[PDB]
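Chains, contacts and geometry: an overview
Here is how the chains run, residue by residue.
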Amino acid sequence: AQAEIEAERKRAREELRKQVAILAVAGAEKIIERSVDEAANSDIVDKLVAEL
Amino acid sequence: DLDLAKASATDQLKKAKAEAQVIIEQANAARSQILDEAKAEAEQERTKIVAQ
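Now for a description of the structure that goes with this document. (Residues numbered from 1 in each chain as written, not as in the entry; some residues may be left out. Chains lettered and ligands numbered in written order. Part of a larger assembly, values for the part shown. Heavy atoms only, no water.)

A short note on the environment of A:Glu8
Residue and element names in this part refer to chain A.
- In this fold, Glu 8 is placed in helix α1 (residues 2-33).
- Residue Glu 8 is classed as partly exposed on the basis of its relative accessible area of 39%.
- Separated by 2.6 Å, the side chains of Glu 8 and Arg 11 make a polar contact. (Helix = DSSP H or I, 4+ residues; strand = E, 2+ residues; numbered from the N terminus. Buried < 20%, exposed > 50% of the residue type's maximum accessible area, 1.4 Å probe, protein only. Polar contact = N/O pair within 3.5 Å; in protein donor to acceptor, adjacent residues only side chain to side chain.)

A short note on the pattern of salt bridges
- Going through the model one piece at a time under the given rule, you end up with six salt bridges over all chains.
- For A:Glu4, the salt bridge identified is with B:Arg46, shortest N-O distance 3.4 Å. With A:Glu4 in helix α1 and B:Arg46 in helix α2 (residues 13-51), the pair connects residues from two separate chains.
- The class of A:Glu4 is partly exposed, set by a relative accessible area of 43%.
- The class for B:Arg46 is partly exposed, based on a relative accessible area of 42%.
- Taking the shortest distance from any N to any O, the salt bridge between A:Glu33 and A:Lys30 comes out at 3.2 Å. You can see A:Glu33 and its partner A:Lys30 sitting in helix α1, three residues apart, about one turn around the helix. (Salt bridge = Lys/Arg side-chain N within 4 Å of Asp/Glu carboxyl O.)

See below:
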(Lines give C-alpha, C1' and ligand atoms only; values in the text may rest on other atoms or scores of the structure.)
Protein backbone atom coordinates (compact mmCIF):
# COMPACT_ATOMS: atom_id res chain seq x y z
CA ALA A 1 0.00 0.00 0.00
CA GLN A 2 2.77 2.46 0.89
CA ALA A 3 4.59 1.76 -2.38
CA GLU A 4 1.36 2.34 -4.32
CA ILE A 5 0.89 5.70 -2.60
CA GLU A 6 4.47 6.80 -3.34
CA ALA A 7 4.11 5.74 -6.97
CA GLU A 8 0.90 7.74 -7.33
CA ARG A 9 2.66 10.77 -5.85
CA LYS A 10 5.52 10.47 -8.35
CA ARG A 11 3.02 10.12 -11.20
CA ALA A 12 1.23 13.26 -10.01
CA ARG A 13 4.52 15.17 -9.98
CA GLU A 14 5.37 14.06 -13.52
CA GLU A 15 1.82 14.99 -14.57
CA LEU A 16 2.34 18.51 -13.25
CA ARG A 17 5.60 18.77 -15.20
CA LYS A 18 3.75 17.70 -18.36
CA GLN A 19 1.08 20.30 -17.62
CA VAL A 20 3.52 23.18 -17.19
CA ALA A 21 5.76 22.42 -20.18
CA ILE A 22 3.11 22.73 -22.92
CA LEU A 23 1.66 26.04 -21.78
CA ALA A 24 5.16 27.34 -21.02
CA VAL A 25 6.35 26.78 -24.59
CA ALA A 26 3.02 28.12 -25.89
CA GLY A 27 3.60 31.33 -23.91
CA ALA A 28 7.18 31.54 -25.11
CA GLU A 29 5.76 31.48 -28.63
CA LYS A 30 3.79 34.64 -27.85
CA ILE A 31 6.86 36.18 -26.21
CA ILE A 32 8.61 35.71 -29.56
CA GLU A 33 5.54 37.11 -31.33
CA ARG A 34 5.61 40.32 -29.25
CA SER A 35 9.36 40.77 -28.62
CA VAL A 36 10.85 39.85 -32.00
CA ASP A 37 13.14 42.41 -33.64
CA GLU A 38 14.30 42.70 -37.25
CA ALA A 39 17.78 43.47 -35.94
CA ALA A 40 17.54 40.29 -33.85
CA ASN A 41 16.41 38.32 -36.91
CA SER A 42 19.33 39.68 -38.93
CA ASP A 43 21.63 38.81 -36.03
CA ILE A 44 20.33 35.22 -36.06
CA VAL A 45 20.82 34.94 -39.83
CA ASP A 46 24.35 36.36 -39.72
CA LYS A 47 25.22 34.15 -36.74
CA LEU A 48 24.13 30.93 -38.43
CA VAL A 49 25.73 31.79 -41.78
CA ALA A 50 28.96 32.53 -39.89
CA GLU A 51 29.07 28.93 -38.63
CA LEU A 52 27.37 26.91 -41.40
CA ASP B 1 -6.36 -65.94 23.44
CA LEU B 2 -2.99 -65.68 21.69
CA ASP B 3 -4.80 -65.36 18.35
CA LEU B 4 -6.53 -62.22 19.68
CA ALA B 5 -3.25 -60.31 19.95
CA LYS B 6 -3.68 -59.14 16.35
CA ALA B 7 -7.36 -58.55 17.11
CA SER B 8 -6.49 -56.56 20.24
CA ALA B 9 -3.96 -54.51 18.26
CA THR B 10 -6.49 -53.72 15.52
CA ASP B 11 -8.83 -52.60 18.31
CA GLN B 12 -6.38 -49.76 19.01
CA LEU B 13 -3.95 -49.08 16.15
CA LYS B 14 -6.25 -48.43 13.19
CA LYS B 15 -8.73 -46.42 15.27
CA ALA B 16 -5.98 -44.08 16.49
CA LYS B 17 -4.63 -43.84 12.94
CA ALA B 18 -8.06 -42.77 11.70
CA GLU B 19 -8.51 -40.30 14.58
CA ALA B 20 -5.21 -38.65 13.69
CA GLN B 21 -6.74 -37.76 10.32
CA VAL B 22 -9.67 -35.79 11.74
CA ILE B 23 -7.28 -34.21 14.25
CA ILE B 24 -5.27 -32.94 11.28
CA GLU B 25 -8.42 -31.91 9.39
CA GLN B 26 -9.62 -29.63 12.19
CA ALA B 27 -6.23 -27.90 12.27
CA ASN B 28 -6.40 -27.57 8.48
CA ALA B 29 -9.76 -25.83 8.76
CA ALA B 30 -8.41 -23.53 11.48
CA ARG B 31 -5.40 -22.64 9.31
CA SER B 32 -7.62 -21.89 6.31
CA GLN B 33 -9.90 -19.66 8.37
CA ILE B 34 -6.96 -17.81 9.92
CA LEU B 35 -5.34 -17.08 6.56
CA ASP B 36 -8.62 -16.01 4.94
CA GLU B 37 -9.41 -13.63 7.81
CA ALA B 38 -5.88 -12.21 7.71
CA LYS B 39 -6.26 -11.45 4.01
CA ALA B 40 -9.71 -9.92 4.58
CA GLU B 41 -8.36 -7.61 7.30
CA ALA B 42 -5.25 -6.64 5.33
CA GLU B 43 -7.34 -5.61 2.32
CA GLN B 44 -9.50 -3.35 4.50
CA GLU B 45 -6.41 -1.75 6.00
CA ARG B 46 -4.90 -1.15 2.56
CA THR B 47 -8.10 0.37 1.17
CA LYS B 48 -8.32 2.71 4.17
CA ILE B 49 -4.70 3.83 3.78
CA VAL B 50 -4.99 4.49 0.05
CA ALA B 51 -8.31 6.31 0.52
CA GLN B 52 -6.57 8.58 3.03
